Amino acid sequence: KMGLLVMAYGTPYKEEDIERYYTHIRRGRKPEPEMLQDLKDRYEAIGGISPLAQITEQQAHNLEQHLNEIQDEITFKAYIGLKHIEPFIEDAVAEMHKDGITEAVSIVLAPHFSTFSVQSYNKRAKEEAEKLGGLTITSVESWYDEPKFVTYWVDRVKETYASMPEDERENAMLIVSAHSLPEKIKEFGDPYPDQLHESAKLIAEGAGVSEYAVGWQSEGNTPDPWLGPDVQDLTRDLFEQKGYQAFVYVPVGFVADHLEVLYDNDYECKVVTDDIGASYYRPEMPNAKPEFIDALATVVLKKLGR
């Protein structure tokens, strides 16, 4: 029996848990009332918070199910570890340990490696495992380049482009993005910016889309400079530059229909496309779909030499 530690940033499971979630993200400081209410407003705006946490749960359960289905060597048992929501990463490691798991494979629900996301989770996990003793975790570090994951986005882009009118098809701009992080990740030689660029190149070339740009989104609000340009500004500059009639956003850095996509893309980016004369396109996110879950299974099996 192999442990399958699936990690993510996490989103509150209940509306009532948003403040604690915000407090945790703020490292122990309660959000100001206005700050808090505004986050609550954004979840409402996208339909409510309830469905969100459930996607991550299904991604992990389905990956567990599929892995145990496609091969008969290893029996996997999924354990979800979240950065800012319970169960926390350490809690999930403590539970695998308590359950008698001695070997575990972990994967983060973010294809691109970065010190702040992927590396941070793996470290916290391997550290709690050492402290407990007798449990070794083999961690996946990046998987933006898994042929099957690339193909999932390639087909979705091909579909969207073949689905637009000719006036737009040949005057469109593809925007591949990921979650922004403080520029100071450079101090650690964080390849994250490069991985989004390769991720973008792979998808555009695969879909045969010639015009594309790389952007960042959802930067947090801190004193430090975050990776840019942001998808909002990038869209505007490319429109003033060449007058694109359609913008196709591929938030490849995200795996589900969370706030960053439903709101930061579907809303804020459409605002710009609306404020300008272009049409808004954002292909279906991976979520827990079979094609995506198979890609992840393949990622996990490869990591194990299977």
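Start at 1 with the first residue shown and count on from there. In this text, the rigid core denotes the largest set of C-alpha atoms whose superposition between the two forms falls within 1.5 Å.
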Hey, after superposing on the core, which one moves around more in 6 other deposited structures of this protein, 252-260 or 40-48, CA-wise?
-> 40-48
Divergent stretch in 6 other deposited structures of this protein, 292-300 or 21-29 [C-alpha RMS, superposed by the core] = 21-29
Taking the mean of the C-alpha B-factors per stretch from the entry, tell me the winner out of 136-144 and 158-166.
-> 158-166
The stretch carrying the higher mean Cα B factor in the deposited entry, 253-261 or 234-242, is 234-242
Entry record, C-alpha B-factors for 72, 194, 183, 219; the maximum is at 72
Whose C-alpha has the highest temperature factor in the PDB entry: 189, 206, 215, 111?
-> 206
What third of the chain, by the recorded C-alpha B-factor, contains residue 282?
-> middle
CA B-factor ranking of residue 84, expressed as a third of its chain = lowest
Mind checking which third residue 268 falls in for C-alpha B-factor across the chain?
-> middle
By the record's CA B-factor, is residue 106 among the lowest, middle or highest third of residues in the chain?
-> lowest
For residue 94, the third of its chain into which the C-alpha B factor falls | highest
